[PDB]
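For reference, the structure is listed below as structure tokens.
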Amino acid sequence: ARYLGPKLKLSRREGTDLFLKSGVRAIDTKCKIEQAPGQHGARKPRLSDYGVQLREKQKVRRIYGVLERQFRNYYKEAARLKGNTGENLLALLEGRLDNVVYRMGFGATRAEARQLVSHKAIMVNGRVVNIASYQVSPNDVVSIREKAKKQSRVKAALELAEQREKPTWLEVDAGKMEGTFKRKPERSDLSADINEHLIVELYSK
Amino acid sequence: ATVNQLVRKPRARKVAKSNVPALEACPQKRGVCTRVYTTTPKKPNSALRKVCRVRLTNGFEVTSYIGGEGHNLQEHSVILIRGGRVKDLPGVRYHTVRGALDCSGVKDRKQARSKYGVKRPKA
Amino acid sequence: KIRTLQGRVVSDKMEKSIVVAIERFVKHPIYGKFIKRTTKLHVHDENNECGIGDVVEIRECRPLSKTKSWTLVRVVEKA
Amino acid sequence: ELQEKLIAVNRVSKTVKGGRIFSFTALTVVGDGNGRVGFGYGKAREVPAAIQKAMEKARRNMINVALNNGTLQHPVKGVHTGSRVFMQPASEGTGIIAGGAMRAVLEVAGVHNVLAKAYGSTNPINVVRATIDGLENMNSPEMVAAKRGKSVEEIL
Amino acid sequence: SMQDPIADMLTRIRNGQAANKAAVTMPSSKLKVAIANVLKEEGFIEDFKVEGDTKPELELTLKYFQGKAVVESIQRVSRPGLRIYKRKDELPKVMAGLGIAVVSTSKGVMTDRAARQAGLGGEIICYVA
RNA sequence: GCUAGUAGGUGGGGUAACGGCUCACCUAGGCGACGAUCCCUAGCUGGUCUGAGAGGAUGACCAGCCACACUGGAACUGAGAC
RNA sequence: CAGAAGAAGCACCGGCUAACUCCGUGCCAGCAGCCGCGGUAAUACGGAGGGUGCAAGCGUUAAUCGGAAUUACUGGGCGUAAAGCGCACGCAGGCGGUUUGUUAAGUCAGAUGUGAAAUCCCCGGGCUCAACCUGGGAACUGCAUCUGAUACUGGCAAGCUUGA
RNA sequence: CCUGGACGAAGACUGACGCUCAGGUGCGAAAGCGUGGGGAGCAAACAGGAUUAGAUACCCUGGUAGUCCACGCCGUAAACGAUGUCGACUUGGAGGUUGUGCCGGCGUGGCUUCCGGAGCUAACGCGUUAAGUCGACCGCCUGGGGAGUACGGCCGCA
RNA sequence: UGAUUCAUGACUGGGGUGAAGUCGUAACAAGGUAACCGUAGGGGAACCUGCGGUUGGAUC
Ligand SMILES: [K+]
Ligand SMILES: [K+]
Ligand SMILES: [K+]
Ligand SMILES: [K+]
Ligand SMILES: [K+]
Ligand SMILES: [K+]
Ligand SMILES: [K+]
Ligand SMILES: [K+]
Ligand SMILES: [K+]
Ligand SMILES: [K+]
Ligand SMILES: [K+]
Ligand SMILES: [K+]
Ligand SMILES: [K+]
Ligand SMILES: [K+]
Ligand SMILES: [K+]
Ligand SMILES: [K+]
Ligand SMILES: [K+]
Ligand SMILES: [K+]
Ligand SMILES: [K+]
Ligand SMILES: [K+]
Ligand SMILES: [K+]
Ligand SMILES: [K+]
Ligand SMILES: [Mg+2]
Ligand SMILES: [Mg+2]
Ligand SMILES: [Mg+2]
Ligand SMILES: [Mg+2]
Ligand SMILES: [Mg+2]
Ligand SMILES: [Mg+2]
Ligand SMILES: [Mg+2]
Ligand SMILES: [Mg+2]
Ligand SMILES: [Mg+2]
Ligand SMILES: [Mg+2]
Ligand SMILES: [Mg+2]
Ligand SMILES: [Mg+2]
Ligand SMILES: [Mg+2]
Ligand SMILES: [Mg+2]
Ligand SMILES: [Mg+2]
Ligand SMILES: [Mg+2]
Ligand SMILES: [Mg+2]
Ligand SMILES: [Mg+2]
Ligand SMILES: [Mg+2]
Ligand SMILES: [Mg+2]
Ligand SMILES: [Mg+2]
Ligand SMILES: [Mg+2]
Ligand SMILES: [Mg+2]
Ligand SMILES: [Mg+2]
Ligand SMILES: [Mg+2]
Ligand SMILES: [Mg+2]
Ligand SMILES: [Mg+2]
Ligand SMILES: [Mg+2]
Ligand SMILES: [Mg+2]
Ligand SMILES: [Mg+2]
Ligand SMILES: [Mg+2]
Ligand SMILES: [Mg+2]
Ligand SMILES: [Mg+2]
Ligand SMILES: [Mg+2]
Ligand SMILES: [Mg+2]
Ligand SMILES: [Mg+2]
Ligand SMILES: [Mg+2]
Ligand SMILES: [Mg+2]
Ligand SMILES: [Mg+2]
Ligand SMILES: [Mg+2]
Ligand SMILES: [Mg+2]
Ligand SMILES: [Mg+2]
């Protein structure tokens with residue numbers, strides 16, 4: 001119900017950095033990033049058209065840490081919601097609590113932010129929520145509980161967040177360790193190396 | 001066909017027959033082996049394939065394949081059969097379920113164990 | 001008013017009774033073509049005024065025999 | 001500038017006195033992602049030479065498609081030999097819902113959202129021809145207004 | 001025998017355009033004239049005139065744009081063997097609205113756009129594109 | 001091809017009530033290629049699964065209707081039961 | 001409160017189809033949905049290492065629809081691929097040139113009644129989330145009645161001459 | 001001798017009386033069947049002579065049903081244009097045959113052969129006598145074999 | 001006393017599949033007698049012969 005294996009083999013299969021490590025080092029200083037894992041990892045894959053659609057879906061899944069059944073349900077909702085299905089699917093993944101907590105800086109990675117959510121250290125509008133897949137609404141206040149404000153990893157995570165680009169749909173106060181979810185991130189606020197139209201087409205095969 | 005012709009005689013769907021009639025739309029059926037033996041396949045294959053004649057609880061008398069390397073089956077063994085034709089064997093429409101009832105799992109199997117009724121090794 | 005069907009007399013050989021055929025014009029549910037359908041009702045004909053061919057005029061009433069539950073209003077056209 | 005796609009490579013054969021002589025055929029499409037698309041078909045003894053011949057022919061045979069913001073103007077039917085295709089405009093985010101041979105054509109031409117279906121023979125050489133024949137005969141409100149002697153506003 | 005004069009009218013247009021004819025002529029009828037009127041107001045044909053008294057003759061002047069026929073396709077929908085009637089909310093759209101459907105409503109023969117504005121359904125005579 | 005209470009009529013009886021519901025008499029009708037009669041299968045629906053749709057398949061749980069209560073038959077009591 | 005402490009498997013990797021090597025075997029043993037694989041250099045059998053896909057599940061079998069425009073109403077065919085009766089006449093049936101009037105059955109518009117609730121869909125609400133529960137709408141594409149419209153189709157009346 | 005249809009030219013007349021057709025009915029090559037005739041030539045079967053490894057054949061010499069007539073039955077053929085009937089519309093060329101108008105010359109009808117344009121078609125090809133563009137109605141197809149077979153019905157002397 | 005349906009029956013009819021033994025060589029080229037259709041007769045077998053029909057016959 002959660003991938004618990006090596007983290008860099010994932011990024012090596014997808015041929016890019018999945019932000020699966022904190023970022024204190026460079027992804028090439030810990031692994032052979034441009035090489036797929038395994039004995040035959042040095043071969044040049046002739047990916048079919050299905051293979052290109054599949055790898056794009058596995059990339060987005062491996063970033064946010066969602067399994068297939070949950071991801072397929074996100075797609076069904078994205079297609080049901082009005083508007084562009086591909087963009088609806090990214091907005092739903094960015095609304096997840098464990099993702100929002102990470103983008104706010106409270107976790108070094110999405111896995112760590114998930115452990116903080118799971119271990120009852122996060123509140124939404126003033127209530128403990130330990131569901132990683134909880135959907136954060138606009139104007140909701142996410143905050144760290146008092147007994148967890150003293151943890152040494154939450155400040156180590158707050159000192160790595162400014163080393164990265166600040167999300168403009170949030171609003172963190174590193175002091176009081178709480179942020180506000182002002183609005184859903186637009187497609188422009190999200191990365192451009194994610195080709196979500198390949199995912200939409202994969203689920204019509 | 002004109003609509004007038006279709007009003008009189010509408011379009012007719014072709015009913016399809018099952019390739020596994022002895023199962024009678026059941027996922028499995030139990031039988032008693034009446035004969036266990038070998039047989040040679042169609043051209044262009046060559047082998048001694050292991051089959052058995054098995055009288056089912058519904059009275060049907062059919063032939064069933066025994067997959068895997070080696071088996072413990074003999075006359076009067078009680079087995080469970082499932083759907084599945086053997087392409088190169090004339091009129092063998094069913095497979096024996098390894099590891100069910102009197103059919104033993106395959107010895108020393110390490111891969112695709114669940115298809116041959118083999119428990120997980122204690123390694 | 002009173003609901004009322006209109007049809008053509010196809011039989012008058014019963015005492016005080018007639019068979020009336022009512023034609024309907026309906027769209028075929030699958031092929032969309034408008035086709036003609038017929039219903040034959042047994043109708044009470046006191047006075048025995050109707051003949052085979054007349055266009056009559058009937059209404060629904062209480063049961064009068066095993067098969068009769070309609071009764072003759074008027075004759076619209078005589079054969 | 002031009003997107004190129006290899007759709008299919010096939011090995012063909014002719015018989016001679018000494019036996020069979022094999023060769024290869026390549027079917028490709030090129031396009032500028034903005035309403036221009038062409039297909040090329042090349043034959044050679046080696047695969048790479050066949051592909052290069054196809055790319056060369058494709059670039060010389062492009063036609064124009066009147067697109068409407070990454071989708072079609074109206075539903076269209078195309079036909080060539082045994083292949084009959086059907087294409088429809090779709091809303092944004094739909095993607096290209098189409099088979100393999102129709103997909104390559106639609107993508108290099110700049111169609112981003114479309115619902116398509118191939119009927120009859122799905123031979124790639126004839127499906128490509130039918131697809132391009134459907135796109136090439138598509139009308140825009142501009143040309144519909146012009147031929148009918150009306151303004152575009154009276155059309156829509 | 002002749003059993004659909006309207007389909008014969010459309011076919012004469014279809015075949016005349018393919019033969020690059022400047023005009024086509026046919027025996028007239030009030031329904032044919034009502035259809036010719038719609039074809040003219042939509043700019044599909046150039047003009048029409050009825051000539052003759054006891055045996056009127058309808059003549060349609062066809063138009064070509066840049067050496068191509070203006071009527072790209074013309075197709076009978078309702079036909080004697082199978083009539084087609086549509087309600088106002090289900091009137092068809094021809095070529096995503098770029099073409100017309102000729103509808104016979106209780107207020108006369110008009111296009112599908114005009115029948116939608118009047119809030120009427122009717123018999124779908126033909127598609128023109 | 002089917003049907004003699006069979007189809008209709010009159011009168012008596014009967015039912016909470018119309019009615020061949022039943023009986024006597026008269027008429028000779030009634031149903032059927034828009035499929036009667038006979039044979040095989042089947043509880044019906046709201047719905048459910050699938051499908052772009054049109055359709056195709058289906059009728060477990062939940063709710064409406066019907067039928068049955070070891071097998072065949074019968075009535076009694078009762079506002080209501082066979 | 002205590003301590004990472006109690007908690008990962010199943011199928012697959014020749015092509016369709018995401019994922020490859022070695023060793024064993026040598027038309028044997030065996031695999032198989034299909035194409036097919038196995039004859040001493042097997043990415044297809046069996047083990048291993050590596051990999052891929054799903055994950056408290058994963059495979060197999062059964063069964064339905066789909067793909068199948070392969071019963072084609074939407075939406076197919078019939079010279080040679082399966083398919084025009086050997087040729088006619090003709091009842092029922094289907095279809096019907098042109099004009100006027102009338103009718104309002106088909107058709108169209110509007111209204112009213114009904115179309116149980118649940119389900120599906122939309123906007124919300126409540127269980128930490130979700131499943132689930134729930135408020136309000138929409139929908140139930142139908143049927144009946146009433147009042148209108150009259151182009152088209154039908155009926156009735158009267159014609160006309162181009163079909164016969 | 002009796003008799004059906006088609007076509008043309010001028011008019012007159014009727015006033016949609018039309019088109020198609022499940023079931024039904026009629027016609028339907030050759031072979032074959034029944035009864036009675038006929039029988040030259042031809043010729044299944046059959047006989048002999050050859051050929052051949054054999055030769056129940058091809059070849060030769062013969063030869064009976066049958067082929068012919070009357071009446072009845074049978075109802076099938078690669079019964080083919082392997083192309084249902086009716087109507088409308090859409091560039092051309094060269095012929096055949098049969099009408100008719102006009103001044104050999106110029107028109108205008110019917111039927112028919114070959115080529116070929118657009119279009120159509122998997123291709124071959126079709127192409128105003130469509131397999132082009134449309135409408136009306138009917139017949140028929142739904143992988144190969146089993147099989148147009150079995151069983152049942154109807155028809156038939158078989 | 002009938003009808004219908006299921007099971008079964010010495011023997012018998014053809015069919016399918018496998019495998020290839022025996023006998024020939026009917027078809028595909030003008031397949032060595034052009035092939036095929038309907039029908040009739042004959043023959044161990046493919047088939048042969050008569051009568052009419054077709055070209056979906058090569059040569060000329
Ligand atoms: K083999
Ligand atoms: K009775
Ligand atoms: K009575
Ligand atoms: K249903
Ligand atoms: K009972
Ligand atoms: K070896
Ligand atoms: K159809
Ligand atoms: K007939
Ligand atoms: K002779
Ligand atoms: K010889
Ligand atoms: K003789
Ligand atoms: K005969
Ligand atoms: K012929
Ligand atoms: K002539
Ligand atoms: K002449
Ligand atoms: K017919
Ligand atoms: K006889
Ligand atoms: K028996
Ligand atoms: K021969
Ligand atoms: K031949
Ligand atoms: K013969
Ligand atoms: K013999
Ligand atoms: Mg789960
Ligand atoms: Mg009475
Ligand atoms: Mg196909
Ligand atoms: Mg009653
Ligand atoms: Mg009484
Ligand atoms: Mg039952
Ligand atoms: Mg479908
Ligand atoms: Mg009582
Ligand atoms: Mg692959
Ligand atoms: Mg090896
Ligand atoms: Mg293996
Ligand atoms: Mg279908
Ligand atoms: Mg077909
Ligand atoms: Mg053939
Ligand atoms: Mg054929
Ligand atoms: Mg014919
Ligand atoms: Mg006729
Ligand atoms: Mg009319
Ligand atoms: Mg009305
Ligand atoms: Mg409801
Ligand atoms: Mg909520
Ligand atoms: Mg609700
Ligand atoms: Mg009227
Ligand atoms: Mg009228
Ligand atoms: Mg004869
Ligand atoms: Mg004889
Ligand atoms: Mg005789
Ligand atoms: Mg004689
Ligand atoms: Mg002789
Ligand atoms: Mg025949
Ligand atoms: Mg002939
Ligand atoms: Mg001929
Ligand atoms: Mg024929
Ligand atoms: Mg020609
Ligand atoms: Mg054709
Ligand atoms: Mg027979
Ligand atoms: Mg007979
Ligand atoms: Mg031979
Ligand atoms: Mg020969
Ligand atoms: Mg025969
Ligand atoms: Mg002989
Ligand atoms: Mg001879």
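Below, each value reflects all heavy atoms present in this structure, side chains not excepted, and no hydrogens, waters or symmetry copies. The chains referred to below are lettered A, B, ... by the order of the sequence lines, with proteins before strands, and numbering in each begins at 1.
- Nucleotides H:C7 and H:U129 are separated by 16 Å at their P atoms, to the nearest Å.
- With rounding to whole Å, C:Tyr31 atom OH is found 13 Å from G:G76 atom P.
- Put simply, C:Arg3 has a side-chain N or O that comes within less than 4.0 Å of OP1 or OP2 on G:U145.
- Heavy-atom nearest nucleotides on RNA chain H were determined for E:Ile74 and for E:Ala18, and the one closer to the 5' end corresponds to E:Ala18.
- If you measure from atom CD of A:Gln53 to atom P of G:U17, you get 11 Å, rounded to the nearest angstrom.
- Residues E:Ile6 and E:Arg76 have side chains in contact (heavy-atom distance under 4.5 Å, counting atoms from C-beta outward).
- Annotation: E:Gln3 side chain contacts the minor groove (heavy-atom distance below 5.0 Å to purine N3/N2 or pyrimidine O2 of paired bases; major groove not contacted).
- Residue A:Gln39 has no polar side-chain atom (N or O) positioned under 4.0 Å from OP1 or OP2 of G:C22.
- Comparing G:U150, H:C134, G:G106 by their closest approach to the side chain of E:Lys107 singles out G:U150.
- Nearest to the side-chain atoms of D:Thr81 among the listed nucleotides H:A136, G:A18, H:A122 stands H:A122.
- Residue C:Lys27 places no side-chain N or O under 4.0 Å from the OP1 or OP2 atom of G:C73.
- Within the cation-pi definition used here (under 6.0 Å to the ring centroid, within 45° of the axis), D:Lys117 qualifies as a partner of D:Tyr119.
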Write down the protein N/O and nucleotide N/O pairs, taken from nucleotides 60-63 of chain G, whose separation is under 3.5 Å; answer none if there are no such pairs.
residue, atom, partner, partner atom, Å
G:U61, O3', B:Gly83, N, 3.4
G:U61, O2', B:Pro27, O, 2.7
G:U61, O2', B:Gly83, N, 3.2
G:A62, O2', B:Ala25, O, 3.1
G:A63, OP1, B:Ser18, OG, 3.4

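- Taking atom NZ of A:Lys9 as the reference point, atom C1' of G:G50 lies 8 Å away to the nearest angstrom.
- Between the side chains of C:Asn48 and C:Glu15, no donor-acceptor pair of N or O atoms lies under 3.5 Å.
- Here A:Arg61 lies in heavy-atom contact (under 4.0 Å) with sugar-phosphate atoms only.
- Residue E:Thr54 places its side chain closer to G:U161 than to any other of G:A18, G:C73, G:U161.
- Close to G:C28, at under 4.0 Å from its OP1 or OP2, lies a side-chain N or O of B:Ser46.
- Whole-Å rounding puts the A:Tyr134 OH to G:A131 P distance at 14 Å.
- Sugar puckers are classed by the sign of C1'-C2'-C3'-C4'; that of H:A9 comes out north, on the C3'-endo side.
- Note on B:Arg8: a side-chain N or O is less than 4.0 Å away from OP1 or OP2 of H:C138.
- The CD1 atom of E:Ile6 sits 15 Å away from the P atom of G:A151 (whole-angstrom rounding).
- Note on C:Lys68: every side-chain N or O is 4.0 Å or more away from OP1 and OP2 of F:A7.
- We find that B:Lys43 and B:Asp88 are not joined by a salt bridge, their nearest charged nitrogen and carboxylate oxygen being 4.0 Å or further apart.
- G:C160: glycosidic angle beyond 90° from 0, hence anti.
- At the heavy-atom level, B:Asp88 lies under 4.0 Å from base atoms of the strands shown.
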Pair A:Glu14-A:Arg55, salt bridge (charged side-chain N to carboxylate O under 4.0 Å, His left out): steps then yes or no | CA-CA 7 Å; A:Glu14 314 278 8; A:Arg55 290 260 65 85; 3.4 Å; yes
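- Put simply, CG on A:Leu97 is 12 Å from P on G:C129, counting in whole angstrom units.
- Counting only heavy atoms from C-beta on, E:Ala19 has its side chain closest to H:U91 among H:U91, H:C89, G:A29.
- Ion pairing of B:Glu69 with B:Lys107 is absent here, as no side-chain N (NZ or NE/NH1/NH2) approaches a carboxylate O to less than 4.0 Å.
- H:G148 has a negative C1'-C2'-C3'-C4' torsion, placing its sugar in the south range.
- Side chain of B:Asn45, nearest nucleotide from G:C31, G:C65, G:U17: G:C31.
- Taking 4.0 angstrom as the limit, A:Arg69 places none of its side-chain polar atoms (N or O) nearer than this to OP1 or OP2 of G:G57.
- E:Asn15 comes within 4.0 angstrom of a base, heavy atoms only.
- To the nearest whole angstrom, the two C1' atoms, one in H:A40 and one in I:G38, are 30 Å apart.
- Close to G:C34, at under 4.0 Å from its OP1 or OP2, lies a side-chain N or O of B:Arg85.
- With distances taken from any side-chain atom of B:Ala1 to the nucleotides H:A88, G:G53, H:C140, the minimum falls on H:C140.
- Side-chain atoms of A:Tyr74 and A:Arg61 form no donor-acceptor pair, as typed in the model, at a separation below 3.5 Å.
- Contact annotation: A:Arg12 does not reach the phosphate of G:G51 (side-chain N/O to OP1 or OP2, under 4.0 Å).
- When heavy atoms are screened at a 4.0 angstrom cut-off, E:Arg83 is found touching the sugar-phosphate backbone but no base atom.
- Note on ring orientation: taking the six-membered ring where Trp is involved, the planes of B:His95 and B:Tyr65 are perpendicular (angle over 60°, cut-offs 30° and 60°).
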Could you list the protein-to-nucleotides 47-52 of chain F atom pairs, N/O on both sides, closer than 3.5 Å?
none

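- Side-chain contact between E:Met9 and E:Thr11 is absent, with no heavy-atom pair separated by less than 4.5 Å.
- With a cut-off of 3.5 Å on both pairing distances, the Watson-Crick or G-U wobble partner of G:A109 is G:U147.
- Residues A:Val128 and A:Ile122 have side chains not in contact (no heavy-atom distance under 4.5 Å, counting atoms from C-beta outward).
- Atom pair E:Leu10:CG and H:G135:P shows a separation of 9 Å (rounding to whole Å applied).
- Nucleotide H:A78 has no partner under the Watson-Crick or G-U criteria, as no pair reaches both atom distances under 3.5 Å.
- Between C:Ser11 and the phosphate of F:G30, there is a side-chain N or O to OP1/OP2 separation shorter than 4.0 Å.
- Distances shown here put a side-chain N or O of B:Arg120 below 4.0 Å from the OP1 or OP2 atom of G:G9.
- Between the side chains of E:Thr25 and E:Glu57, no donor-acceptor pair of N or O atoms lies under 3.5 Å.
- Going by the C1'-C2'-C3'-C4' torsion, the sugar of G:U74 sits on the north side, since that angle is positive.
- Judged by the sign of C1'-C2'-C3'-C4', the sugar at F:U6 is north, the angle being positive.
- Residues E:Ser78 and E:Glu123 have side chains that bring a donor and an acceptor to within less than 3.5 angstrom of each other.
- Between C:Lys36 and the phosphate of F:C34, there is no side-chain N or O to OP1/OP2 separation shorter than 4.0 Å.
- When the side-chain nitrogen and oxygen atoms of B:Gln111 are compared with OP1 and OP2 of G:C12, none of them lie within a distance under 4.0 Å.
- The distance between atom NZ of B:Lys122 and atom P of G:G9, rounded to the nearest whole Å, is 11 Å.
- At the phosphate of G:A68, OP1 or OP2 sits under 4.0 Å from a side-chain N or O atom of D:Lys117.
- Remark: the C:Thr67 side chain and the C:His42 side chain contain an N/O donor-acceptor pair separated by less than 3.5 Å.
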